[PDB]
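J.: What follows is a structure written as structure tokens; I'll ask about it next.
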Amino acid sequence: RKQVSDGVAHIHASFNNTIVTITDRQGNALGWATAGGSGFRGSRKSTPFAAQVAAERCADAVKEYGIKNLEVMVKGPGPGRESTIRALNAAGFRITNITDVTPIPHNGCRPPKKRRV
Amino acid sequence: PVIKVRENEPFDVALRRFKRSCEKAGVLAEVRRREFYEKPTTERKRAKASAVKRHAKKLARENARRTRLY
Amino acid sequence: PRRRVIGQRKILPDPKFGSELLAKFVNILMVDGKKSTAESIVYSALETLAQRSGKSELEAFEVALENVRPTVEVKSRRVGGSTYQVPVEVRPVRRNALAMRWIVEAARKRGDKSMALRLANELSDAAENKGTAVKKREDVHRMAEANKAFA
RNA sequence: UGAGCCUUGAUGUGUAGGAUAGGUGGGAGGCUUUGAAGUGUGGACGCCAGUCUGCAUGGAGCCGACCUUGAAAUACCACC
RNA sequence: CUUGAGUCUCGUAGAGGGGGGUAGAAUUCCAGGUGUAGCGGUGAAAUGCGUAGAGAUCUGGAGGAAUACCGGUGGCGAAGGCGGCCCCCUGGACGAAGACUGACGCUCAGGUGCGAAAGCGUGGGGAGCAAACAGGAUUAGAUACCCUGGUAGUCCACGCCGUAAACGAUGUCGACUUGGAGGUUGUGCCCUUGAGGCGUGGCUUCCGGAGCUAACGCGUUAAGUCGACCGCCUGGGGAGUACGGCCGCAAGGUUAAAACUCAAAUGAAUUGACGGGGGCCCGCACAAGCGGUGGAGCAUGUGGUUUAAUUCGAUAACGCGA
RNA sequence: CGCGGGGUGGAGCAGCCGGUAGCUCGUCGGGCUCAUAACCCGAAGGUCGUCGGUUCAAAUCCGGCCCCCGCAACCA
RNA sequence: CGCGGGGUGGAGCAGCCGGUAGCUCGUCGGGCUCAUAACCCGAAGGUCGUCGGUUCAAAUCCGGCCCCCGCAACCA
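Protein chains in written order, with our numbering: chain A, 660 to 776; chain B, 6 to 75; chain C, 134 to 284.
Here's what the structure looks like:
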């Protein structure tokens, strides 16, 4: 595999599960990991800790690519948002940019109905 | 909330800054709001109710303040 | 309780070695307020243990204790629909107690004949890092690890 | 992109162990100015101990039955 | 005659209406790249989608619907309602001065029109959402709430429907009666010496006086003090139902009884009690621990059954009166 | 009369080779429960309609009989 | 009869060189749990159908037999 110095970390942070995907700067995904994949289910995988460990796993996976610089793109609302980036930092990439990329419509599609609980 | 880490800037500081930016944006809040459909009526009601509450806080409480507690 | 925290009561150190911890252990062991018998048993356990491992009577005991002390235990919050066991850092006073209690339990369980002998055996096991108390400790730790997501 | 083949190279951890022993027969010394041991490392394999090999440097020696072992040297060798 | 009512002049603010363009974000799908085992979902799960390569991620395309921020107890409209930006057609409101008309006004049974959402008809459209429906949960059951899907419908055109807690639960028009704090939109003067100072008009939010009110409350935007016109009520149920008429493609709307039946039904406020309302606090209430009961045998009391009688009582009763 | 389903624990639905002998509601038992329809634990109820035989496994494969079904055909 | 797959822990799917001897659900113990399941930890169950041999590694490569598959061909 071709080594690459700089890339992006996409952090899809949902309410139920965090997904971290490291990619090159062009768009092509190198590796990924998830809180659900990291051995957490239901209550556990919707937590900051879980997200962090997913991030760590992802980092581990893209060791062979030899990535030093990293820009982070954080998507969605969740626990795995601050935690994940911290984890990434710990894992030892130079974090270059921290971007928020939550899809906010400018009033477009009707959301689903409100839950009655 | 696009941000770039400055030269010889700590990670933690950067993170904090990012968080602040996010807060300013009100992105999370927006997301929360758009999770489910709010009927127009409901939306109206909240807005008016909230306004009323605010008004109550401002004036009635001020009146109370004039008189000492003990 | 709700209203007021209270200062822990005064405990006398045991006559043989002059130790608070030892005294506490003896107390824990004791049943039906027969302290003397319990203390004798404890002493016996110590002596045998000392013979086995060398060192001193007290030092060996301490070492044994060390291998069964829990860094972290869990508690049940249960805020959700289902129960969530949450880990908590267990304080110095409590940890020591817990280990002792576990040891005692192990001793009680054990299939050897005399109580003192059983206790000694348990201590030895603890020192070596096998046995019942140690297992219990591991389990406790394991649970905490499992539920580390909650904090 | 799959896949054969004349050919010349590499590849092979039961534990005894100089340590990454496939087996049979002919055998006691093969290689060394169409350049030997030691050093620098480019690319491969890997059971992390090492093994083969490119180019540079070096210029007069490394490896044998060995002590062990159910089987002995990749001292040269042909058959696969 | 000019004070009401209207016309003309110049401005002003506006999601007022109709028509036609366009912009950007986001969702969905399609095609392709990267990539590898999960994704999704919940209180927890499962159905569901995934190694036939999903989810994630990037590129390109399609199409529909709605318009983040601005945005406000802000604005406009008779009400219903109206929200990206641009243009075309178009209705009303307000102010400034003048000039004109000269009571031309107010209200309105029948009548006529406009009238959310759903619904209907014909023809288009269809991304998202979603009655119905299906499956998965939950449950005693769950024809629900939750989850995964999902069709009418929502969108457009032209017709119909004519109702909503269509509410300020407050008809319209006019006059008069103490105050304060704002918002919005004009406009006159003033050294705008500055975001200001002093007025004067329109619409508007809150508080409160007199008065009014069953009280709650209303209070110059009246539910006060009066006048003009209209609409409507006459105990609760039966019933806004039946019959008949009129209207409607239908759904149904509208008009609108009676028998029979009860002595109530209601409104506001009051004291409690209660709440799977909220705040503060306590108790071996939980938590933290130690020892029990529930199994055994016996003692003992009770229930029951039996008995000639198994004395009567207790049932925070049951080693209780004893 | 002939031909396809088969015959059970208070009723019902029981895993192609005969060795598995049930599950639902029900009744009792006891605490939960402010109250139960509860959740949960355990307990009494058979013949496998019947008469026989192939075989140690038989109700469980076959010969006949009694019924319940279903059949479709008939009727001077 | 001839020819391609191979034959296992209660069932199933097990990493080209023979030295690795499993994973899922299952049963039991415990941990947590209101519950149940999910979840965590650990524990009993082999022959590798079989008979042999190349070799210290063999079920793990080969010679035969018993079956399960699959084959496609045949039948006076």
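In this text, a Cβ means the ideal position worked out from N, Cα and C, and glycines have one as well.
Is it buried or exposed, B/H60, if we count other Cβ atoms within 10 angstroms and call 16 or more buried?
T.: One-based indexing of the second sequence puts residue 60 of chain B at position 55. Its Cβ having fewer than 16 others within 10 Å, B/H60 is exposed.
J.: Which residues, in chain order, does the segment 36 to 62 of chain B contribute to contact with chain A at a C-beta distance below 9 Å?
T.: The segment 36 to 62 of chain B vs chain A, Cβ under 9 Å: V36, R37, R39, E40, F41, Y42, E43, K44, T47.
J.: Just the chain B side, please: which residues come within less than 9 Å of A/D665 by C-beta, in chain order?
T.: On the first sequence, position 6 is the one that residue 665 of chain A refers to. Neighbours of A/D665 on chain B: none; closest Cβ ~13 Å, over 9 Å.
J.: Quick one: which chain A residues come within Cβ less than 8 Å of C/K281?
T.: For the purposes of this step, residue 281 of chain C is taken as the residue at position 148 of the third sequence. Result: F708.
J.: Name the two residues that bound the continuous beta strand (DSSP E) containing A/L689.
T.: Position 30 of the first sequence holds residue 689 of chain A. A/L689 -> beta strand (DSSP E) spans 688 to 693.
J.: Say whether the segment 683 to 697 of chain A touches the segment 262 to 270 of chain C, bearing in mind that this needs 3 or more beta-carbon pairs closer than 8 Å, one atom from each stretch.
T.: The answer is no - the segment 262 to 270 of chain C does not touch the segment 683 to 697 of chain A, with fewer than three Cβ pairs under 8 Å.
J.: Can you check whether the CB of A/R703 is closer than 9 Å to the CB of A/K727?
T.: Locating residue 727 of chain A in the first sequence gives position 68, where the first residue counts as 1. Locating residue 703 of chain A in the first sequence gives position 44, where the first residue counts as 1. Contact: no.
J.: What do you get for B/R71, buried or exposed, if any count of 16 or more other CB atoms within 10 angstroms of its CB means buried?
T.: As a first step, residue 71 of chain B must be located in the second sequence, where it is residue number 66. When all chains shown are included, B/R71 counts as exposed.
J.: Would you mind giving the Cβ-Cβ distance between A/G739 and A/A710, rounded to the nearest angstrom? I have them listed as a contact below 8 Å.
T.: On the first sequence, residue 739 of chain A is found 80 positions in, with the first residue counted as 1. On the first sequence, residue 710 of chain A is found 51 positions in, with the first residue counted as 1. About 2 Å separates the two Cβ atoms, so the contact holds.
J.: Taking only the alpha-carbon atoms, compute the straight-line gap between A/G690 and C/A249 and give it to the nearest angstrom.
T.: For the purposes of this step, residue 690 of chain A is taken as the residue at position 31 of the first sequence. For the purposes of this step, residue 249 of chain C is taken as the residue at position 116 of the third sequence. Taking the straight line from one Cα to the other gives about 59 Å.
J.: Quick check: the segment 23 to 39 of chain B against the segment 746 to 766 of chain A, are there 3 or more CB pairs under 8 Å?
T.: Enough Cβ pairs lie closer than 8 Å, so yes.
J.: Can you list the residues of chain A that B/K9 reaches, using a CB-CB cut of under 8 Å?
T.: If you number the second sequence from 1, residue 9 of chain B lands on position 4. Neighbours of B/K9 on chain A, chain order: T755, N756.
J.: Between C/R234, C/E255, C/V223, C/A232, which lies nearest to C/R243 when the distance is taken from Cα to Cα?
T.: Locating residue 243 of chain C in the third sequence gives position 110, counting from the first residue. Cα-wise, what sits closest to C/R243 is C/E255.
J.: Give me the Cα-Cα distance between C/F158 and B/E14, rounded to the nearest whole angstrom.
T.: If you number the third sequence from 1, residue 158 of chain C lands on position 25. If you number the second sequence from 1, residue 14 of chain B lands on position 9. Going from the Cα of C/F158 to the Cα of B/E14 covers about 54 Å.
J.: What span of residues does the beta strand (DSSP E) with C/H274 cover, start to end?
T.: Mapped onto the third sequence, residue 274 of chain C falls at position 141. Here C/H274 belongs to no beta strand (DSSP E); instead the alpha helix (DSSP H) covers 265 to 279.
J.: How long is the line joining the alpha carbons of A/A713 and C/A230, rounded to whole angstroms?
T.: Position 54 of the first sequence, counted from the start, is the residue given in the question as residue 713 of chain A. Position 97 of the third sequence, counted from the start, is the residue given in the question as residue 230 of chain C. When rounded, the distance between both Cα atoms is 37 Å.
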